[PDB]
Each structure stands twice: as structure tokens, then as C-alpha cells.
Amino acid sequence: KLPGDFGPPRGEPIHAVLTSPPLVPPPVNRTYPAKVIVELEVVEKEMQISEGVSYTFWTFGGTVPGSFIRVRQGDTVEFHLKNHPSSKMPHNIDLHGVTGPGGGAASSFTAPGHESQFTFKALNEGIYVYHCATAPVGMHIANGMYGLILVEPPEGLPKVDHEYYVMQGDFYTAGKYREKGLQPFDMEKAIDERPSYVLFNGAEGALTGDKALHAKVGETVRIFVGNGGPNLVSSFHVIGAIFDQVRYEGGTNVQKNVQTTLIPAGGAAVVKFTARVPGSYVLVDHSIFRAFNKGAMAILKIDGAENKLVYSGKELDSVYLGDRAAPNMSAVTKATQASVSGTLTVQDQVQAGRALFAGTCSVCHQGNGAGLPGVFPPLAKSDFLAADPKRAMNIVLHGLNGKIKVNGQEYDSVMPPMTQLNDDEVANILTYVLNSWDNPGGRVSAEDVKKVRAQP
């Protein structure tokens, strides 16, 4: 027989349990093959890809990644795809692990306001990517149309304390990283494989701060990890920990005791972790500019007792987590809304600036602006700043080097340029600095920075 030769469906039909990221449906917990009815709906919708940055996502079930599907090897799946009448595009679905043309795409073409159905037997056990396969296929995937389906072995996977759902994607906006507003899809960047954002679960901060994943010392954690692409291959890594097991798709090979593992575009793996020490453990794409310049960081936060014989040291994790160490950056979202409304206050700028200053400026000038005498000059009550507060704009954009004096002390060092910061970010950061630590006050506007950036 073929694989998954376990007998005809038995019992009543089961209406499948779909879940939203980062959660997973429960184990099916049964010893017989069933007829499973799956109902999934496409919705096109604006969501925030970053604070104050909107994007028109195309979604399976209202989220990126799409709703998680869970069935048993040998089940017969009757798949119903609906396309909501508000959609502008037609859509379909290709499930990896399906035995048949297009993995379903050939049979699931669905116009706005319509519904399609096709039936397949789940012959192949494993974790699998699904995605839209409507021309132009790359545009549909780039807009968020991907998720995971798990096909369990007949005895089920081994029990663990937590199961989570994490999926990487590369995204292509017309504007640069953190440029505010509604950002269109950019076909030219996509063809060139030059993404502006690389994310877990559809947004910067989706899994950081108050949205981190949780477990306790001693517990086991399984993560179902997808790479929707469309184009990038992930050097997938956990900072400060190790994977007990890594298994790709439905493969017979299992790797154990590794920290860094390559996930193909369109690939999926199951990883297992055992919590040993408290703190924040970071999932990244270790093609490092993705993790630290484009959004590709997620957090598993572990609580419980210290083990000083295993790890003993201070805990200053803002040095690398930067502006994602805090619970959120909601002050930036709020300042951006107020600016669009024409109601932006000095305090709106101050609080947005405070959020952005973490990492970006604090690593050298300190969280309190004091710096370090002779090494990093102070921003707190800075005579150099007060002497020409406008020159601060050029210093942020283009850097500063050479001999200077600040609060009666000599410095001869190098502050690198930070031209990648957007006009609103520079304005908000400097407004924060002017209104803290007994500095003179006032404000800097995005338009002020735009003028300075444009000077030859």
C-alpha cells in the first residue's frame, strides 16, 4: 500500500480546530483515521508592520502567519477555501505534504465572494508550509499568504509542557525601514531579494516585551518553526541556549544538540528546548543585519530559580535588545497618530524619543545621559548641546569626530553617523534629550531634520 495505509475514515466527521499564532491546536488524541472538514477564509486587511507603519496584508484567517492546521497521518481532509467578498484579488492554496497537482492549488482557485473545495488523504507525516499559489505567486506570498499544517504520526508526538508557532518572513516596502505611513508593496525590491523588513509573525515586536513566549525552569518547549520566505534562507539560532532536537518536515533524520540551523525558503522544522536558567532567550536569523537592523528577533522568557553554578553574572540585556528590551514602543505609535492628526505635543515627542533612545544612544551616553568622564561626553546638562542645539541634528545624521570640550572636559573620539534614522526619529530623540536632565527644552521637528539632511 501507499504510506498512511490505516483504514477507511471511521466515526462522525470532525470539524477541524484552527488556531492563531503563536498558539497551536491541541493534539488530536485518537487511534483511528477520520474525515476532517477544514474551513479557512482569506481576508485582505491593513495592519501595523511596525510602530506607525501600516501595510496591506493578504491573510489566511486574519493573521500572518495564517491559522495553524492539525490532522493525523491517514486522515481524509475535505478542504473548504473561502475568499471574503471585501477581497480585491483571487486566491488559492498549495499545502506542502499533499500528494497531488499544485498541492491543492489546481483545485482551490477562488474569486472574491466565492468558496472552493477539494479532498486529499494525508499520506505524509510531518510539519509543512502552506501558501497561496495565485499568479503572481511571489506577490501573494510577500503580502503574508503562508502558514503551517502539522500531520501527526499515528501515535502522536511526545508530550511537552508548551507548544508554540513561529514563522519567519521577508517583506518589501516602497519606503525604508521605519519610515511612517501606509507602505505599498515594492516589486523591484522583491525581484532583487532586497527586503526592508525580516520578521517573525508579521510585525516588529510581535514576540518581544509584553508579547514574549513564556515557560519555567525545568519545562520542555516545542516550537513549530516555518520560513514562508518568499526569498530568504534563515540561519535560525537561539541566543544563550541550545536545541535538544531539530527535525525538518517529515524527514527520517533528526539532529540533536545544535544552536544554529539552516531553514530553506518554504521549509519547516520542529525544535525542542529544555529551560535551564532564568532570563530572555532570543530567536534570530543569524544573518545578523536581519536580526538587529530589520526586525528578526523573538523572545522566550524563562522564570524560576537562579543556578549560580551554571551561570553567574549581571543582567544588562538592553545593550543588545536595545529598543526591544522594554514592554513595548507604544509611545512611537501614539506620536505617529498625533502627527497625522496635526495634534503632536512636545510630550508626545519626548516619550517617543525616550523609547528610541534605548540602545541607539544609551549604549555610549548611558540611560541617564551622564556618559563616562573622558570617554563618552554627557548629554545631561550639556553645555556643548546648549551652545548650538541645532548642530545636534548634524551630529546624529553625520557623526562627530576630533577634539571637543564638554562641561569643562576634553574628548578626542568618534561618534559614528546614524543616517538610517528617519526624520521623525531624529526629531523625537533630540526633543527627549532637550527636555531631560535640566537641558534647555524646546523641540525639534521632522521638517527641521529634513532640511538639514538635504544640505550638501
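In case it trips you up, residue 1 is the first one in the sequence shown, and so on.
Stretch comparison (163-171 versus 78-86) by mean CA B-factor in the PDB entry places 78-86 on top.
Remark: stretch with higher mean C-alpha B factor among 440-448 and 18-26 is 440-448. Across the residues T119, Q349, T208, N143, the deposited record lists the maximum Cα B factor for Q349. In this structure the maximum Cα B-factor among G229, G295, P377, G138 is found at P377. Ranked by C-alpha B-factor against the other modelled residues of its chain, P389 falls in the highest third.
Among the modelled residues of its chain, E315 has a C-alpha B-factor that falls in the highest third according to the deposited record. Among the modelled residues of its chain, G52 has a C-alpha B-factor that falls in the middle third, as given in the PDB entry. Among all modelled residues in this chain, the alpha-carbon of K272 has a temperature factor (C-alpha) in the middle third. The entry lists a Cα temperature factor for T419 that places it in the highest third of the chain's modelled residues.
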